[PDB]
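**Q** Dumping the structure here so I can ask a few things about it.
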Amino acid sequence: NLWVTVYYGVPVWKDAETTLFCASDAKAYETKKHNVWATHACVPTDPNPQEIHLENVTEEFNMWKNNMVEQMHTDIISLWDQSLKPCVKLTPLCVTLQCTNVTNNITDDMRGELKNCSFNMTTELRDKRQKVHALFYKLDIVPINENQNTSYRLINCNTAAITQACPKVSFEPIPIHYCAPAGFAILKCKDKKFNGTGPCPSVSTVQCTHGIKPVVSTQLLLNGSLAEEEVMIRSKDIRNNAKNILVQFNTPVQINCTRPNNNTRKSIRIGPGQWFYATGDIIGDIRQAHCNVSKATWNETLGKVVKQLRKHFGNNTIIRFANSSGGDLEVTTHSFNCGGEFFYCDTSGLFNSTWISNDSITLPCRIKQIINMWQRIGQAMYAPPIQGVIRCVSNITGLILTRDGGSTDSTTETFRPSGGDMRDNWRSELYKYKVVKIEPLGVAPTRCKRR
Amino acid sequence: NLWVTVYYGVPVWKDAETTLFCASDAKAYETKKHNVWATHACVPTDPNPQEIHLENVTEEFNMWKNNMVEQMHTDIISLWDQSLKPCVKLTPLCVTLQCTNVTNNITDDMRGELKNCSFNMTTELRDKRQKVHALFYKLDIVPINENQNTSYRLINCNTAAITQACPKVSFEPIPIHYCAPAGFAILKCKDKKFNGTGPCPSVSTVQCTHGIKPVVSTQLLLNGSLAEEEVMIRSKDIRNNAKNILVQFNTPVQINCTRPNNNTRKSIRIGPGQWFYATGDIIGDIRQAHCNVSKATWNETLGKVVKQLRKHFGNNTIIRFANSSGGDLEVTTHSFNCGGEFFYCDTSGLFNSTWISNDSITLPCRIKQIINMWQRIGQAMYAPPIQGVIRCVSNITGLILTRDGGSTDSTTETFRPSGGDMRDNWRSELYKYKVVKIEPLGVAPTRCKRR
Amino acid sequence: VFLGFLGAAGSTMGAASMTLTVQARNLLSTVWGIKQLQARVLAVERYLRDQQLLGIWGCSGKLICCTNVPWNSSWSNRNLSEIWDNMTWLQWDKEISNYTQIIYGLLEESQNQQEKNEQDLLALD
Amino acid sequence: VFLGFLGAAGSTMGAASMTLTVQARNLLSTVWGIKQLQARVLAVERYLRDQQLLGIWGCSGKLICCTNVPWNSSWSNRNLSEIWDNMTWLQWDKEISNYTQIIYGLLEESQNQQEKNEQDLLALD
Amino acid sequence: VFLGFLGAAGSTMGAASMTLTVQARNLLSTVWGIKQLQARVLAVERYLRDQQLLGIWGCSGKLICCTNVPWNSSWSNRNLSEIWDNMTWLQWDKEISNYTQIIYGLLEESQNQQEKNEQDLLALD
Amino acid sequence: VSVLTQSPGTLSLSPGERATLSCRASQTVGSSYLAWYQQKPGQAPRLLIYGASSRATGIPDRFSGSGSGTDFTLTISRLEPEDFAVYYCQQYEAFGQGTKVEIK
Ligand SMILES: *[C@@H]1O[C@H](CO)[C@@H](O[C@@H]2O[C@H](CO)[C@@H](O[C@@H]3O[C@H](CO)[C@@H](O)[C@H](O[C@H]4O[C@H](CO)[C@@H](O)[C@H](O)[C@@H]4O)[C@@H]3O)[C@H](O)[C@H]2NC(C)=O)[C@H](O)[C@H]1NC(C)=O
Ligand SMILES: *[C@@H]1O[C@H](CO)[C@@H](O[C@@H]2O[C@H](CO)[C@@H](O[C@@H]3O[C@H](CO)[C@@H](O)[C@H](O[C@H]4O[C@H](CO)[C@@H](O)[C@H](O)[C@@H]4O)[C@@H]3O)[C@H](O)[C@H]2NC(C)=O)[C@H](O)[C@H]1NC(C)=O
Ligand SMILES: *[C@@H]1O[C@H](CO)[C@@H](O[C@@H]2O[C@H](CO)[C@@H](O)[C@H](O)[C@H]2NC(C)=O)[C@H](O)[C@H]1NC(C)=O
Ligand SMILES: *[C@@H]1O[C@H](CO)[C@@H](O[C@@H]2O[C@H](CO)[C@@H](O)[C@H](O)[C@H]2NC(C)=O)[C@H](O)[C@H]1NC(C)=O
Ligand SMILES: *[C@@H]1O[C@H](CO)[C@@H](O[C@@H]2O[C@H](CO)[C@@H](O)[C@H](O)[C@H]2NC(C)=O)[C@H](O)[C@H]1NC(C)=O
Ligand SMILES: *[C@@H]1O[C@H](CO)[C@@H](O[C@@H]2O[C@H](CO)[C@@H](O)[C@H](O)[C@H]2NC(C)=O)[C@H](O)[C@H]1NC(C)=O
Ligand SMILES: *[C@@H]1O[C@H](CO)[C@@H](O[C@@H]2O[C@H](CO)[C@@H](O)[C@H](O)[C@H]2NC(C)=O)[C@H](O)[C@H]1NC(C)=O
Ligand SMILES: *[C@@H]1O[C@H](CO)[C@@H](O[C@@H]2O[C@H](CO)[C@@H](O)[C@H](O)[C@H]2NC(C)=O)[C@H](O)[C@H]1NC(C)=O
Ligand SMILES: *[C@@H]1O[C@H](CO)[C@@H](O[C@@H]2O[C@H](CO)[C@@H](O)[C@H](O)[C@H]2NC(C)=O)[C@H](O)[C@H]1NC(C)=O
Ligand SMILES: *[C@@H]1O[C@H](CO)[C@@H](O[C@@H]2O[C@H](CO)[C@@H](O)[C@H](O)[C@H]2NC(C)=O)[C@H](O)[C@H]1NC(C)=O
Ligand SMILES: *[C@@H]1O[C@H](CO)[C@@H](O)[C@H](O)[C@H]1NC(C)=O
Ligand SMILES: *[C@@H]1O[C@H](CO)[C@@H](O)[C@H](O)[C@H]1NC(C)=O
Ligand SMILES: *[C@@H]1O[C@H](CO)[C@@H](O)[C@H](O)[C@H]1NC(C)=O
Ligand SMILES: *[C@@H]1O[C@H](CO)[C@@H](O)[C@H](O)[C@H]1NC(C)=O
Ligand SMILES: *[C@@H]1O[C@H](CO)[C@@H](O)[C@H](O)[C@H]1NC(C)=O
Ligand SMILES: *[C@@H]1O[C@H](CO)[C@@H](O)[C@H](O)[C@H]1NC(C)=O
Ligand SMILES: *[C@@H]1O[C@H](CO)[C@@H](O)[C@H](O)[C@H]1NC(C)=O
Ligand SMILES: *[C@@H]1O[C@H](CO)[C@@H](O)[C@H](O)[C@H]1NC(C)=O
Ligand SMILES: *[C@@H]1O[C@H](CO)[C@@H](O)[C@H](O)[C@H]1NC(C)=O
Ligand SMILES: *[C@@H]1O[C@H](CO)[C@@H](O)[C@H](O)[C@H]1NC(C)=O
Ligand SMILES: *[C@@H]1O[C@H](CO)[C@@H](O)[C@H](O)[C@H]1NC(C)=O
Ligand SMILES: *[C@@H]1O[C@H](CO)[C@@H](O)[C@H](O)[C@H]1NC(C)=O
Ligand SMILES: *[C@@H]1O[C@H](CO)[C@@H](O)[C@H](O)[C@H]1NC(C)=O
Ligand SMILES: *[C@@H]1O[C@H](CO)[C@@H](O)[C@H](O)[C@H]1NC(C)=O
Ligand SMILES: *[C@@H]1O[C@H](CO)[C@@H](O)[C@H](O)[C@H]1NC(C)=O
Ligand SMILES: *[C@@H]1O[C@H](CO)[C@@H](O)[C@H](O)[C@H]1NC(C)=O
Ligand SMILES: *[C@@H]1O[C@H](CO)[C@@H](O)[C@H](O)[C@H]1NC(C)=O
Ligand SMILES: *[C@@H]1O[C@H](CO)[C@@H](O)[C@H](O)[C@H]1NC(C)=O
Ligand SMILES: *[C@@H]1O[C@H](CO)[C@@H](O)[C@H](O)[C@H]1NC(C)=O
């Protein structure tokens, strides 16, 4: 009656894990001599990419078990590492530093942040030495001894050696598109209310993901995607407090950041072909770095987040926002890098609200040059100073939060900003993507018989 | 009437760019422990190679847009770089040098070229030091200060660090054959009067190119191929003066080069496993290096070149040969390396002739040990001295020329030797080769119909 | 090439059996360079394994291939309209996943080598 | 193997259609090692793409393959002697280069899937 | 998959001609990663070369393939029982190793291109 | 070198009309190698045409040129006020004498 008929090219797939390859704009590669996140390891992108709607297809997605996020983590860290191998290693700079206060033009907030430090340094000739001065930040220098000798050491020098970023290499995140090799497909959830888990009734297949900028930040997702309809609350388990809650804004909050100091860059020769760039002298008055957010915009977005949180924690629960309990500087402050300078902003103003069931904010930011990226101990880098005044505009497109546990009373829920792991920063963009394996061989009954 | 018939394996091709792989003699690899231009990255060649004549095929060639030349450039530079990574880096030698004149047995021309220089040096034990002396060339040492302290520094030390070539690694150019991967073919122009551009009515397909020796030289192409019938003049645009003119001789000019000094090699230990080889002491009299060319042979070849130039610049134009206007030592002199020693010959005698429309020459050469190859700033190498007297025979198979511009009078044309870029040295051998892509799928009309 | 890829994954099995070329054309294409080379080589090996499976069934150069293997109702007792006009290939693959190797071994060695030996012995006549 | 390669590239199309095996046999074969591996893998992928194109036309294992696709005089209105006894495949490819994809889409999906469905439905009888 | 691999290497040629799929399925699969990638790519290229040889003989998708090439007693004058019921394929390969290329050139170009041209000219009728 | 003659020495027009400036090369072989440069007074020259006919990046479309062999011409379609300068033709290292476009 019925016989086996073999079909090749059937639209059947299974969940799979593969090694994806990027796609990037060749244009920006011509504009960008080098970018830490290499466009050379990657490939030029294809204009007019294709997205086919898989009508009548409902696919199961898991934002919290996605290997695209892990591959992105591996790729970004490895791209950073190879972008920092050729650059100069600042081992000769691990010397005693005689440091004194800088009080030329200082406001009461910036008192003691910068120090004038003198030290003996190597020169291009191995038989001669020089005494050179540079300004250093309090966060990059540690007292050598308890006694007030005013002798200082760089924080890394005990545990590790600190590389210097090449001055030519740029830090601007450029979009990268993650593409699937032959025999694999990327399925994109087109549902506008999806929380990253469970069945997705609106699915499409894409050659490559949308351009994702590797923006490294804590407590606030910058320059990311925005929710189409409503603020999106996404946690692996919302009841669990050990899992960070990722918030997506439907409307961004514009944030204006600046370091008003007019900085200079001083070349110091430490070897035959090796240079060390230093802070030089700050032309003009010295004022603290800070960031401005619109207060009304922040309050309206916070109300929207409160409404979405109430959808998960009760209709009469009190949603309180408070600031970080503690930890390293990266997590306790809104850490980010824009222009090549690494900022650290106190977001206590941002999270200072109790929401009962019924003009700008200025954030004092701090600057550092010794940066330990990606929660690794022993691989610090020195950020060369950026010359001039830096002004900086970004969109706050989301939050990373942690809910306080052990609540004695059940009417309130406290949420504090968090971060530090960028797998939860890059999972807020890849939440709607899953890679699948095509199984093109099928066998089905038909009445047809081989002669 | 007519139907589509599919043909696979049709002899159709298009111009393409691929990554070629070398072929070399296994024999010479057994004779050559190591050669900078690795026979290990490459493959043993196939005896009795095949060349099929493409009768009735006329192909368009462009000598001036050929990716084989660019791949050869990349490959030779990269082979040099990896051959110099393992060898010792002479950073400990960047010290003040107290230098005095060497006048033991000196001719009036060689006055001051070599200097006796003393310096403090590291030893295998990190806690002890030694004072060591070595002879250095004036071109490899620079005054540290204007005042006559007689303190000297190696020229590289300010800008970069200088590697030392391993003494065992050899510098003799061995022929390499460039082969095409599967699905690609190399088409060879067999026309004897071809100028490297335009249609070539006599074409053949070859598995691999003929053996090309990576001979690095300026102003004169050495140990290359020779024109079959007549001297060949090849420029991208002969009217343009910014493009170098490549000359191919039909008969070579024998050139005999020598450094008559009996040199010695002195081992100096600078580290636990690192050695520095120095000039030692020159046994016997010291005389300048020089090169001899036959004067009659040079004059006849120059007349032939003049005739070919007259074919492009008028039948009554005056062809004048003059010497280099200026530039670095590489371009101003006939730079070459034979035996491991790097020569620099003043070719003012070679180009000293005015040709109206109607015994040997001795070239004073100079020696260097700090060599900046391939027009790169920052990657110098130290050439270890070669022990003994070196005698050297080569064939001058061509020239690299530049025509003077802005001629006030139109009856004369001046041509000066040039070089420096080896892409114009290796394009004089690959001028007759183009890589093509085979397109084996064809569709043509026939009267045949599938049943 | 990519246009229409997987676009009949929510269509019926019969409607999806008319777009097989779209999915067949989409199966073939530093340290990063070797990772991507390993991905490309695995895609090539996977395509070759699928084509070898087709070739050992007498199904070379064929996107639809009939065989001499009877269907067993133990594998699936559904009627033709249910399968071809009321099911998708994904649901089908979910249903038959635990029977695939039995079918593949009834195609691998029984049917093809038997048929092939019989063609040789008929070519003798 | 290499002997005779491309030797009928200046011969007529018919004379060159008798040496197809010579060109078919010549299509298959540190940091330098990965560059050469990438070249070899791309050659393999290219051969596989060509064979896949042949297989989706019912032309597997065939160096000459006839089809059920009529020739359009818009593609070329030349007479058979002109093409096969007075032209080379290079000139032909130059002439038809802007019509190749139309022919390839008339072979890709129309002719082969139609024919293949009809063989299935005739095997039903 | 590996089960039964080479298990008929001491069996007669006929007994060993009934396990060809077992050996056909076993032909396809840092600095160490590139060495293993080179091994895998060479296995792929080798399989492709063998399949190309089969395809230029009219033997695609076929583990046993008859041809129109007469056997020459110069190659081997043994009787059918000796070969198929009293010899193994290893001994056979030892015997015919110096005649393989003659057979492969009588299959490569004579038989297949002749037959293929005749099918084209019969399809004209 | 190649002699370039760029006639007329002085060309007097008024705004908005089309001017046709011409350069004639003499000691050449004949090709599409020419450039047109605009030099306003007190400023360095600026490239308009790079090739016999092509246009330099950023230059409006009113500036267009053509020619081949030994005769070439610049055609300013619309003599806008910011289009009055000295125009030069270049064949390799040789330069024209200069054409004055002056308001009249
Ligand atoms: C979120 O996105 C915004 C908008 O894209 C982004 O702000 C932009 O950052 C770039 C890069 O830091 C800024 O461009 C810089 O500023 C000026 C403007 O041209 C130039 O001085 C800079 O070039 C210097 O630095 C280069 C090295 O990076 C050198 O190659 C060059 O020679 C110069 O020395 C540089 O282009 C741009 O102005 C801002 N735009 C705005 C509107 O603020 C922001 O950084 C993103 N935020 C995060 C957290 O990633
Ligand atoms: C153009 O081609 C000519 C002819 O091929 C070529 O001249 C030859 O160069 C080689 C290599 O420099 C010379 O061989 C050397 O000379 C003697 C002869 O055997 C030996 O002392 C040398 O061996 C020493 O050096 C080796 C390292 O290179 C060590 O491995 C070895 O142990 C020895 O220490 C070496 O073989 C050869 O004599 C000349 N031949 C002639 C006729 O001059 C010339 O160099 C080429 N020119 C250019 C510019 O490339
Ligand atoms: C940091 O202290 C240094 C001293 O090491 C200051 O540099 C000196 O500045 C004076 C002017 O007051 C100059 O005359 C000296 O020549 C400088 N010293 C040297 C060695 O050249 C420097 O001004 C201080 N910087 C700041 C920002 O306070
Ligand atoms: C995301 O939405 C889905 C679907 O509404 C939610 O899944 C439901 O909740 C639990 C899992 O938390 C499971 O019982 C079922 O998968 C779903 N139940 C239904 C449809 O009755 C999922 O919880 C949502 N997640 C968040 C963080 O909101
Ligand atoms: C951030 O906000 C502060 C406070 O409003 C801004 O400081 C003012 O800046 C303007 C413009 O330069 C000055 O005229 C005012 O005197 C400043 N007011 C103060 C200190 O109270 C600051 O410019 C903003 N920074 C940005 C947008 O980068
Ligand atoms: C966080 O909010 C508290 C109030 O909840 C702020 O403290 C008050 O600030 C106002 C306005 O400056 C003062 O009048 C009050 O005296 C402050 N104390 C209290 C107990 O209300 C506090 O400044 C906010 N923190 C920020 C912006 O970092
Ligand atoms: C270079 O100068 C050095 C001195 O540093 C000379 O070496 C000395 O030579 C004398 C013979 O005149 C020996 O007695 C000494 O023992 C040598 N010095 C040492 C430290 O051993 C050397 O002769 C000079 N070289 C040349 C080529 O003139
Ligand atoms: C090389 O020879 C070819 C053919 O003789 C020359 O090409 C001619 O010259 C120009 C290009 O310079 C073009 O008009 C044509 O391609 C050819 N014209 C003909 C055949 O009339 C080419 O110029 C020669 N190059 C050199 C440097 O001598
Ligand atoms: C280059 O030519 C010069 C000048 O002819 C040669 O110098 C002569 O060499 C011979 C042989 O050794 C000596 O007997 C003569 O005294 C030298 N004559 C001079 C200096 O006038 C030199 O040998 C040649 N060099 C080569 C071929 O390498
Ligand atoms: C280049 O040629 C000039 C002549 O054009 C040479 O200079 C003359 O050399 C001869 C023979 O040695 C002398 O008699 C003359 O007095 C020199 N001067 C002039 C003005 O003719 C010159 O030596 C040559 N240069 C070389 C070989 O480097
Ligand atoms: C630098 O060296 C001098 C002597 O050269 C020494 O007295 C001084 O303490 C050193 N300075 C430091 C370690 O800051
Ligand atoms: C910020 O948001 C606005 C409004 O959606 C958008 O147009 C703009 O491109 C965003 N900027 C960045 C840098 O993402
Ligand atoms: C910063 O200093 C530079 C140095 O010349 C000056 O040109 C620039 O105007 C200064 N900028 C500000 C904002 O003061
Ligand atoms: C959080 O806010 C408190 C005041 O409520 C402040 O004392 C503390 O320093 C803040 N913590 C961090 C990590 O910024
Ligand atoms: C934000 O709105 C909420 C409403 O509960 C309340 O905290 C407050 O009025 C607003 N705060 C600011 C700073 O505008
Ligand atoms: C070498 O060191 C000595 C002392 O050990 C010193 O006096 C002398 O100047 C040094 N020589 C140099 C730098 O040439
Ligand atoms: C030099 O030329 C002669 C004559 O053509 C030739 O026999 C010899 O091999 C050439 N030598 C070199 C080193 O190229
Ligand atoms: C060079 O010196 C060595 C050292 O012994 C000697 O054997 C050789 O003969 C010398 N050569 C010449 C040409 O003087
Ligand atoms: C070129 O020759 C002149 C004499 O005509 C001489 O002074 C000059 O140094 C030479 N230039 C070079 C670079 O050799
Ligand atoms: C070379 O021949 C030319 C003929 O014009 C002339 O310069 C001279 O007589 C000859 N020169 C030499 C050095 O032999
Ligand atoms: C989806 O299903 C509907 C009805 O169930 C049908 O009309 C439509 O063609 C289907 N579309 C696809 C792409 O399968
Ligand atoms: C169908 O499968 C069953 C086992 O489920 C087996 O007993 C039976 O023989 C099979 N039928 C055929 C016709 O092979
Ligand atoms: C097929 O898969 C599972 C896993 O073995 C098996 O237990 C089950 O009976 C089958 N499922 C269906 C839906 O036939
Ligand atoms: C070349 O053409 C001639 C006549 O045009 C013909 O006799 C000859 O066979 C052709 N040769 C090839 C190899 O095509
Ligand atoms: C031939 O091509 C033309 C377009 O050039 C088209 O209109 C016509 O239908 C085609 N003929 C056939 C028989 O398909
Ligand atoms: C085919 O190619 C070009 C490029 O599209 C097209 O314009 C032209 O008409 C065609 N050429 C020939 C010779 O048929
Ligand atoms: C081995 O040979 C014996 C007798 O020679 C035979 O019975 C047996 O089947 C053979 N076994 C194999 C595995 O070939
Ligand atoms: C068999 O081979 C011999 C050479 O050993 C040859 O002469 C003979 O023609 C061949 N027979 C056939 C039928 O091809
Ligand atoms: C086959 O191989 C060898 C090697 O060429 C040959 O000499 C010999 O005659 C042949 N051996 C047999 C056993 O037929």
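By convention here, the chains of the structure tokens are called A, B, ... in the order presented, each chain's residues are numbered starting at 1, and ligands are numbered starting at 1 in the order presented.
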Got a sec to pull out which chain F residues are within 7 Å of chain B, counting only C-alpha atoms, and send them as a list in words?

**A**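 Within 7 Å of chain B on chain F, we get residues 1, 92 and 93 of chain F.
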
**Q** Write a file of the just-selected residues containing N, CA and C atoms, as a short mmCIF file (atom, residue, chain, number, x, y, z; two decimals), in the first residue's frame.

**A**
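Below you can see result.cif, which holds the result:
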data_model
loop_
_atom_site.label_atom_id
_atom_site.label_comp_id
_atom_site.auth_asym_id
_atom_site.auth_seq_id
_atom_site.Cartn_x
_atom_site.Cartn_y
_atom_site.Cartn_z
N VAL F 1 58.48 67.30 -22.19
CA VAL F 1 57.16 67.26 -21.51
C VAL F 1 56.09 67.48 -22.58
N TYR F 92 50.09 65.27 -16.93
CA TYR F 92 51.25 64.83 -16.15
C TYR F 92 51.83 66.02 -15.39
N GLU F 93 53.09 66.39 -15.66
CA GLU F 93 53.75 67.46 -14.94
C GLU F 93 53.56 68.84 -15.56
#

**Q** Show me which residues line ligand 12, defined as having an atom within 10 Å of a ligand atom where only C-alpha atoms and all ligand atoms count, and present them as a PyMOL selection string.

**A** chain A and resi 213+222-226+250-255+393-397

**Q** Those selected residues, please, written with C-alpha atoms and delivered as an mmCIF file, in the first residue's frame.

**A**
data_model
loop_
_atom_site.group_PDB
_atom_site.id
_atom_site.type_symbol
_atom_site.label_atom_id
_atom_site.label_comp_id
_atom_site.auth_asym_id
_atom_site.auth_seq_id
_atom_site.Cartn_x
_atom_site.Cartn_y
_atom_site.Cartn_z
ATOM 1 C CA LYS A 213 27.678 47.085 19.284
ATOM 2 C CA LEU A 222 23.877 51.893 26.611
ATOM 3 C CA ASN A 223 23.328 52.288 22.862
ATOM 4 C CA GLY A 224 21.298 49.070 22.729
ATOM 5 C CA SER A 225 17.983 48.053 21.236
ATOM 6 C CA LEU A 226 14.636 49.312 22.526
ATOM 7 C CA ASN A 250 10.709 51.287 25.048
ATOM 8 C CA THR A 251 11.921 54.923 25.042
ATOM 9 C CA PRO A 252 15.600 55.751 25.714
ATOM 10 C CA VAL A 253 16.826 58.153 28.382
ATOM 11 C CA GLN A 254 19.438 60.511 26.974
ATOM 12 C CA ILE A 255 22.539 60.759 29.172
ATOM 13 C CA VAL A 393 26.024 61.461 24.496
ATOM 14 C CA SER A 394 24.435 58.032 24.927
ATOM 15 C CA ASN A 395 21.017 56.395 25.166
ATOM 16 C CA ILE A 396 20.132 54.479 28.325
ATOM 17 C CA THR A 397 18.166 51.606 26.772
#

**Q** Should the cut-off be 9 Å, what would the residue list for chain E against chain D look like, counting only C-alpha atoms, as a PyMOL selection string?

**A** chain E and resi 31+34+37-38+41+44-46+48-49+52-61+108-109+113+116-117+120+123

**Q** Distance limit 8 Å, reference ligand 28, atoms considered: only C-alpha atoms and all ligand atoms. Which residues make the cut? Give them as a VMD selection string.

**A** chain E and resid 70 to 75

**Q** For the selection just defined, write its residues with N, CA, C and O atoms to a file, as a PDB file, in the first residue's frame.

**A**
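Below is the file that was written, selection.pdb:
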ATOM      1  N   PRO E  70      35.758  -4.846 -22.414  1.00  0.00           N
ATOM      2  CA  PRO E  70      36.104  -6.268 -22.310  1.00  0.00           C
ATOM      3  C   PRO E  70      37.312  -6.491 -21.417  1.00  0.00           C
ATOM      4  O   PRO E  70      38.237  -5.675 -21.377  1.00  0.00           O
ATOM      5  N   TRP E  71      37.298  -7.607 -20.698  1.00  0.00           N
ATOM      6  CA  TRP E  71      38.477  -8.010 -19.950  1.00  0.00           C
ATOM      7  C   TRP E  71      39.518  -8.602 -20.889  1.00  0.00           C
ATOM      8  O   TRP E  71      39.207  -9.416 -21.761  1.00  0.00           O
ATOM      9  N   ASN E  72      40.762  -8.182 -20.698  1.00  0.00           N
ATOM     10  CA  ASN E  72      41.905  -8.699 -21.431  1.00  0.00           C
ATOM     11  C   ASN E  72      42.562  -9.798 -20.609  1.00  0.00           C
ATOM     12  O   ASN E  72      42.857  -9.602 -19.426  1.00  0.00           O
ATOM     13  N   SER E  73      42.782 -10.957 -21.236  1.00  0.00           N
ATOM     14  CA  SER E  73      43.463 -12.046 -20.550  1.00  0.00           C
ATOM     15  C   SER E  73      44.905 -11.701 -20.205  1.00  0.00           C
ATOM     16  O   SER E  73      45.495 -12.355 -19.339  1.00  0.00           O
ATOM     17  N   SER E  74      45.487 -10.696 -20.862  1.00  0.00           N
ATOM     18  CA  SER E  74      46.805 -10.219 -20.464  1.00  0.00           C
ATOM     19  C   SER E  74      46.774  -9.650 -19.053  1.00  0.00           C
ATOM     20  O   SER E  74      47.713  -9.847 -18.273  1.00  0.00           O
ATOM     21  N   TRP E  75      45.702  -8.934 -18.710  1.00  0.00           N
ATOM     22  CA  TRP E  75      45.544  -8.432 -17.350  1.00  0.00           C
ATOM     23  C   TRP E  75      45.458  -9.582 -16.355  1.00  0.00           C
ATOM     24  O   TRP E  75      46.116  -9.567 -15.308  1.00  0.00           O
TER      25      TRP E  75
END

**Q** Please identify all polymer residues within 12 Å of residue 214 (chain B), counting only C-alpha atoms, omitting same-chain residues fewer than 3 positions from it, and present them as an MDAnalysis selection string.

**A** chainID B and resid 35:38 69 72:73 75:77 79:80 171:177 211 217 221:224 336:337 422:423 425:430

**Q** What is the distance, in Å and to one decimal place, between CA of residue 136 (chain A) and atom 21 (O, counted along the ligand's line) of ligand 3?

**A** 17.1 Å

**Q** Any idea what's packed within 9 Å of residue 111 (chain D), counting only C-alpha atoms, ignoring anything in its chain fewer than 3 positions away? Could you give it as a compact mmCIF listing (two decimals) with N, CA and C atoms, in the first residue's frame?

**A**
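Saved file selection01.txt follows:
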# COMPACT_ATOMS: atom_id res chain seq x y z
N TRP D 57 19.50 19.45 -11.56
CA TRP D 57 19.03 19.50 -12.94
C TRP D 57 18.83 18.11 -13.53
N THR D 67 18.32 18.23 -21.52
CA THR D 67 17.26 18.74 -20.67
C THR D 67 16.00 18.90 -21.51
N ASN D 68 14.91 19.32 -20.86
CA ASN D 68 13.63 19.58 -21.52
C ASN D 68 13.36 21.08 -21.61
N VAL D 69 14.41 21.89 -21.60
CA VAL D 69 14.29 23.35 -21.60
C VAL D 69 14.51 23.83 -23.03
N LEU D 106 15.57 28.20 -15.16
CA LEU D 106 14.68 27.34 -15.93
C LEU D 106 15.06 25.88 -15.83
N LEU D 107 16.30 25.58 -15.46
CA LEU D 107 16.76 24.23 -15.15
C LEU D 107 16.61 23.89 -13.67
N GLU D 108 16.89 24.86 -12.80
CA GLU D 108 16.88 24.64 -11.35
C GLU D 108 15.55 24.07 -10.88
N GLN D 114 9.36 19.60 -11.85
CA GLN D 114 8.22 19.10 -12.62
C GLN D 114 8.46 17.66 -13.05
N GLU D 115 9.59 17.38 -13.71
CA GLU D 115 9.87 16.04 -14.20
C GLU D 115 9.88 15.03 -13.07
N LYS D 116 10.45 15.41 -11.93
CA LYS D 116 10.62 14.49 -10.82
C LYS D 116 9.28 14.15 -10.17

**Q** Identify all chain A residues at most 10 Å from chain D by counting only C-alpha atoms; ligands do not count. Present them as an NGL selection string.

**A** :A and (5 or 446-451)
